[PDB]
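Summary of the model geometry
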Amino acid sequence: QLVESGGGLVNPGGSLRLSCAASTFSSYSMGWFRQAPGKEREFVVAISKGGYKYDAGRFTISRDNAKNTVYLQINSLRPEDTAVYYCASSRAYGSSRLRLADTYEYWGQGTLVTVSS
Ligand SMILES: [Zn+2]
Ligand SMILES: [Zn+2]
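Residues numbered from 1 in each chain as written, not as in the entry; some residues may be left out. Chains lettered and ligands numbered in written order. Heavy atoms only, no water.

**Observations concerning the side chain of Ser 90**
As a reminder of what qualifies: Numbering of helices and strands runs from the N terminus; a helix is a DSSP stretch of H or I covering at least four residues, while a strand is a stretch of E covering at least two. The classification of residues rests on relative accessible area computed with a 1.4 Å probe and restricted to protein chains. Under 20% of the type maximum is buried, over 50% is exposed, and intermediate values are partly exposed. By the criterion applied in these results, polar contacts are pairs of N or O atoms within 3.5 Å in which, for protein atoms, one can donate a hydrogen and the other can accept it, and in which residues neighboring in sequence qualify only through two side-chain atoms. Should any heavy atoms of two residues lie within 4.5 Å, those residues are considered in contact.
With respect to the helices and strands, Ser 90 occurs in strand β9 (residues 83–90). By relative accessible area, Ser 90 is classed as buried at 0%. At 3.3 Å, the side chain of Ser 90 forms a polar contact with the backbone nitrogen of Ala 92. From its side chain, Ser 90 meets the backbone oxygen of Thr 103 in a polar contact 2.7 Å long. Not counting residues within four places of it along the chain, the set of residues in contact with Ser 90 comprises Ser 27, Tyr 28, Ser 29, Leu 98, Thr 103, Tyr 104 and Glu 105.

**Here's the deal with the sheet that holds strand β1 (residues 2–5)**
Defined as follows: DSSP bridges decide pairing: two strands pair if at least two such bridges lie between them. For helices, the axis comes from a line fit to the C-alpha atoms of the stretch in contact; other axes are also lines fit to C-alpha atoms, and the angle between any two N-to-C directions lies between 0 and 180 degrees.
An order of β1-β3-β8-β7 is seen for the 4 strands of this open sheet, with the pairing classed as antiparallel. Two strands lie at the open edges of the sheet, namely β1 and β7 (59–64), each paired on one side alone. Taking each pair of neighbouring strands and ignoring which way they run, the sheet shows an average axis angle of 20 degrees. Sheet topology note: the strand β3 (residues 15–22)/strand β8 (residues 69–75) ladder contains 7 bridges and is antiparallel. If you follow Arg 17 over to β8, its bridge partner there is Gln 73.

**Considering the state of the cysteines**
Put simply, the rule is: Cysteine sulfur atoms that pair up within 2.5 Å are treated as a disulfide.
Tallied over the entire structure, the rule returns 1 disulfide. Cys 20 shares a disulfide with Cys 87; S-S distance 2.0 Å. Note on the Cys 20 and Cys 87 pair: the S-S dihedral is about -65 degrees, so by sign convention the disulfide is left-handed. Overall, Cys 20 belongs to the buried group, its relative accessible area being 0%.

**Some points on the nonpolar core**
Under the convention used in this document: Here, the term nonpolar core denotes a set of buried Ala, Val, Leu, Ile, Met, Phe, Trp, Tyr and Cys residues that are joined through side-chain atoms within 4.5 Å.
Formed by 25 residues in total, the largest nonpolar core has its most connected members in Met 30, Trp 32, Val 70, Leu 72 and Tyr 85. Contributions of two or more residues to this core are made by β3, β4 (29–35), β5 (42–47), β7, β8, β9 and β11 (111–115). In this view, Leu 72 contacts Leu 16, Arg 17, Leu 18, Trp 32, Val 44, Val 45, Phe 59, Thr 60 and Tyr 85; residues no more than four positions away in its chain are not counted. Within the second largest apolar cluster, 7 residues are counted, among which are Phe 33, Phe 43, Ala 46 and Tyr 104.

Printed below as a string of structure tokens:
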């Protein structure tokens, strides 16, 4: 029900906007996670149903309910940022449990971001 878009080749120090389009979006808290080469999964950032954000300050989140979309902005890319980025939706209200993958029920396919130069 979720599709991430926008990944690609990007420069260190650059900026990148990813989008996660949802197929009743307003009733879900939305989170972004990432899996880098080697690393295990990392929480990135989440925005609750109510509009409140939970952070892991280069990664920011907005939700356009009227476009059924959540955006991840990465400002000032770093080599650590090479990863597949996953969007996820949870039926939970906002809490620090939105930093945990186990809280989410629906997930996207991921979009790959490669920091290079
Ligand atoms: Zn914060
Ligand atoms: Zn809009």
